[PDB]
Every structure is written in C-alpha cells, then in structure tokens.
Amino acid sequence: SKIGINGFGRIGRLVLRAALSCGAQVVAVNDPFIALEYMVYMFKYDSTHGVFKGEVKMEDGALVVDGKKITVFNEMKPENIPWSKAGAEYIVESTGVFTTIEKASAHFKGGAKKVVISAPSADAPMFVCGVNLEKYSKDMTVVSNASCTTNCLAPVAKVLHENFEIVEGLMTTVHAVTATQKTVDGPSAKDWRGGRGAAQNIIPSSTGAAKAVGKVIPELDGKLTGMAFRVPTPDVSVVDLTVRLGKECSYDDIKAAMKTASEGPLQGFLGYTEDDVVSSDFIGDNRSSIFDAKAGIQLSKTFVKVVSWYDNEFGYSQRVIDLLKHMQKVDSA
C-alpha cells in the first residue's frame, strides 16, 4: 500500500481515518491553511464521529499517528506537492478545487503518478463500488468516484431496475448540514438559498441523480432527476426515490430484492433493514446506502417509493478506500 491525501477536512481526514481501520498505507498529507499541529488536534477530535486514540502527535517535523510516520506537506498548488521526494504513488484529491482530469493530472508535474478524485467530475470517469469495478481498468489514471448521494442511489437503482426496470423516477435527498451552509444567513453569491441560516431552515438544493446515475449505470442516463433539502441534522441523509416501474411487482418484492442483494452481491455496499425506527442511527456506519424495508416506503402497483440512508460524512469515506483498493489490485501487477 502507498497513498497520499491532497488537502484534508471532512473527506480528507475520515478518508485517512478510514485508510487506517482498513488496511491502507499511511502516506503524506498536504493541506495549506492547516499547520502540522492543528491536524493532530484536528483529526484526533470529531464533533460527530469523535476522538480516536492512536499515537496522535508530531515528531521529526511531521504527523505520526498510531506510531507511523506520515509526512505532511503544504502548498497552494499541487503541481508542486512532492510525491517524488515523498514516494506516495496513489494520491486522493480532497480539496474541492481540482475536480477535472485537467486539474488533477496536474499532480504529476511535481512528480507523482496515479489519482482518484473524491468528487464528481466533468471529464474523469465516475466509479461507485457496485458497478464501478468492471467498467474500471488500468487505462485509467485520474479516476473519479461520484459523491455520497450517487453512492446512495447507485445500489438501490441497480436492484430496483435491472430487476423491475425503472422507466421514470424522482428523488428527494434530505441532506444534513454541510461545510458550506452558513451559520446564520449570508453570502452564496453563487449558491444563494444556502447563504441563509442553516439551522432554522429547510432549504432546497440542486443535486445529482442525473449525475453519476446516468453516468455510471448508463442504461439509465436520462431517466432519473431529483432534489435536496438540507436540514439541521448533523450527519445523516435519507434519499427518497419514487419510480414508475415496468415489471408490475408488489412493494413486497421490493423488500426481498434488496435483501437478497444486501447479502448476495451488493454485500458490503447496500444494507437493508425492517428493524425499523432508525433515524440518523447510521451516524458511523461504514456502509454505502441502507434499505429501510418499511419506513417512508409505500406502494401503488408499479408506482413505488423507497428510502435509503447514507452517513454522507463516512460511508463514502470507506468507499474512497475501497475504490482506492480495487484499483491497486487491477493496477498492480
């Protein structure tokens, strides 16, 4: 294993924090606007997932978590980050700014070599664990792993459709506060309705069902669209999908299906429940999207609605490491 974490906040850290609990190589970190000694404190403590326990302290000028020397670097320009002097071959791009094959590639200049963009990209392919896989192979150097939501409907589409089809469909995500969403009104000079007070409000949000779904499981590319509400909730989020379906079924079969798949092949990615209630239970639930056989579920013959919940902050976080992995296997020879 060998990895690298360009920048580090929400994704940046759990991705790291994830690497660790999994079997991922410690690395190099590189985050301007955060000094070596804030990261220790800044990754050791977590409002929502919280604290940690490793040997989390600095030493010979860098971060040593759990007794393992992970260089940390800084530079407001990646064509500059070392990985030559450094020697971490797989880089993860966190930042937010550096989303396109053009903006990533830039890694190398410095000295570097293979990349994964932790967000949705306009040119870069767009892996999602279920289906990612095959579509994926070694030609690929700057792969991109489509978001949290996409990762939540991905699974859930695949089941639904292939198995009953999906002819047309809509989706509501009930997002739970994000980095952006301001503490109390203000600018979103671009994002305007989320310039507003993030804690008193139910606030719409343009999103992407369109996005990876079409872009990942292409038989679709054109049948799903969808929206989002951002709510006080600190970390969960329930994706709301309604389908005109195709193969008349019984809400029931919706059940069985997702179950048969929770174990069969979506094994670790889709989960399935009926042991109800839940709510932002999932907080810390390394998973991908879980099916709630019974809650917010409802049928009308071939017109159905399902609920799937994520953990936005870290189901995804585990995935980057799984995307991250999978490739090594293939990539490595």
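In case it trips you up, residue 1 is the first one in the sequence shown, and so on.
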property	result
Between the two ranges 79 to 87 and 232 to 240, the one averaging a larger CA B factor in the entry	79 to 87
Of 49 to 57 and 271 to 279, the one with larger mean CA B-factor	49 to 57
Largest Cα B-factor, entry values, listed residues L299, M42, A62, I290	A62
Highest-ranked of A28, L36, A295, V304 once sorted by CA temperature factor in the record	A28
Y251 by Cα B-factor - lowest, middle or highest third of the modelled chain	middle
Within-chain third of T260 by Cα B-factor, per the entry	lowest
Third of chain Cα B-factors occupied by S147	middle
Position of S121 among the chain's modelled residues by C-alpha B-factor, lowest, middle or highest third	middle
Third assignment of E93 from its chain's C-alpha B-factors	highest
